[PDB]
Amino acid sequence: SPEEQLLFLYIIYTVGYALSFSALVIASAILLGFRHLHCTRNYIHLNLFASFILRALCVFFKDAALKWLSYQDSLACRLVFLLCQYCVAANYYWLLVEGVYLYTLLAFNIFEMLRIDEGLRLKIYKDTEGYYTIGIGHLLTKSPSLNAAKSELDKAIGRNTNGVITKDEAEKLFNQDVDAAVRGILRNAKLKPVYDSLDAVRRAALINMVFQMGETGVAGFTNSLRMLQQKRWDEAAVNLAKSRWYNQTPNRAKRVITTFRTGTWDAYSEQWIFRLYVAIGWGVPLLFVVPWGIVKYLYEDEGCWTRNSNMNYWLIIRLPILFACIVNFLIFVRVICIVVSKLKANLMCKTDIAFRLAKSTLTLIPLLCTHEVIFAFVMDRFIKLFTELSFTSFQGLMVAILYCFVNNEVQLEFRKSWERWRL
């Protein structure tokens, strides 16, 4: 039947946005509700949920306006449609920062963590403790003799030093020290069981302490090491502050303790980077949605601008979303090259945040951007194509599932809260 087909597609579309709206409001309430879920990764998700929540609000407002000059001729409809088109562009640009974040998350490691904390030295320097240092935190000997320190470094580099050591030689010696740090942990009875239980992010935090202090030095933190192995991060965070290490070097310790408490790299992230993501997700859509809205009002104003078939005014809202999808597929392909490399080299386990986040992001990129790339320059079997209405309505539900309800961290918070109710 023709009327029955048009009515049935309306139901799966409206229940699609009803299930997506409720799931995204519940999902966003979970990420805001639990304090341990307050990290840059989940804040990026909250802006992405907000763009799908406002899109749903436009769909429910358009439908509510059907009940009582027709609505197609009104100015209110054109605004609801302009706001809807702003939400669609935000969905794809918050999906771009979602990919851009993931890619930088795969790029940050212990070597980049220590290069920030230890810094770089070109020439030999006698530090406050009496130890001669050079490169990226490479301590030589406490022996007060620059002549013998240069000779001690000469055997540890290959050729004659003179004093100045190049950027490549320092990185060569840096890989040695980081390899010497991990061999020490695994060669220690009190550090191997806690390191093997820690995730890749909290492992780098343990290596960082060993790099500065030493294998036998950090092994003394018997009180902190046990509550780390027992996954009690918040209890270990306040206990590590009550240390000699925290009062000696406080700016470095606060960063390492945050990485143990959260299991993220946020204490090494710059505050302007997140301000650049909000400028992409909510800023860039405004730069092409409002010129589209102005040209449609002045040169193609006919039935809430639904008659979008006359000039280049279609391309100004379809070329920027194609650009966000082409770059999202370039990230998609490159992220897969990095993830399969880190898994094969045993640099990553599938239980780590970078893999599980990749497992959801790499799903949503071809889920939202494949249609846009395939039918890239098509302006305008009718029942079979009307199945696009089912996926654009349930989009929000899928985002809420893959970035919240199947997330392992949120499931920890529900069980941790339920256990506190009993105890």
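Start at 1 with the first residue shown and count on from there.
Q) Counting only residues of the deposited sequence, how many between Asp380 and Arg381 have no atoms in the entry (none, 1 to 3, 4 to 9, 10 or more)? A) The entry has a gap there, with 4 to 9 residues left out between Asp380 and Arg381.
Q.
Between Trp68 and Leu69, how many residues of the deposited sequence have no coordinates in this entry: none, 1 to 3, 4 to 9, or 10 or more?
A. Gap between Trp68 and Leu69: 4 to 9 residues without coordinates.
Q.
Averaging CA B factors per stretch from the PDB record, which one is higher: 272-280 or 179-187?
A. That would be 179-187.
Q | 133-141 set against 322-330, stretch whose average Cα temperature factor tops the other in the entry | A | Taking the mean C-alpha B-factor of 322-330 and of 133-141, the larger value falls to 133-141.
Q) Quick one: which of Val88, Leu287, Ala149, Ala204 has the biggest Cα B-factor according to the entry? A) The listed residue with the largest C-alpha B-factor is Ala149.
Q) Per the entry, which of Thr258, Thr166, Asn208, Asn109 tops the list for Cα B factor? A) In this record, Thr166 carries the highest C-alpha B-factor of the candidates.
Q.
Test of reading the entry: by CA B factor among the chain's modelled residues, which third contains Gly119?
A. Within its chain, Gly119 is a middle-third residue by C-alpha B-factor, going by the deposited values.
Q: Using the B-factor values recorded in the entry, state whether the Cα atom of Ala64 falls in the lowest, middle or highest third among the modelled residues of its chain.
A: As the PDB entry reports it, the C-alpha B-factor of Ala64 lands in the highest third of its chain.
Q. Lowest, middle or highest third: where is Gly220 by Cα B-factor in its chain?
A. Tercile = highest for this residue's CA B-factor.
Q: Sort the modelled residues of this chain by their C-alpha B factor and say whether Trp94 lands in the lowest, middle or highest third.
A: Within its chain, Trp94 is a lowest-third residue by C-alpha B-factor, going by the deposited values.
Q: Would you mind ranking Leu402 by its C-alpha B-factor against the rest of the chain and naming the third, lowest, middle or highest?
A: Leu402: CA B-factor falls in the lowest third of its chain.
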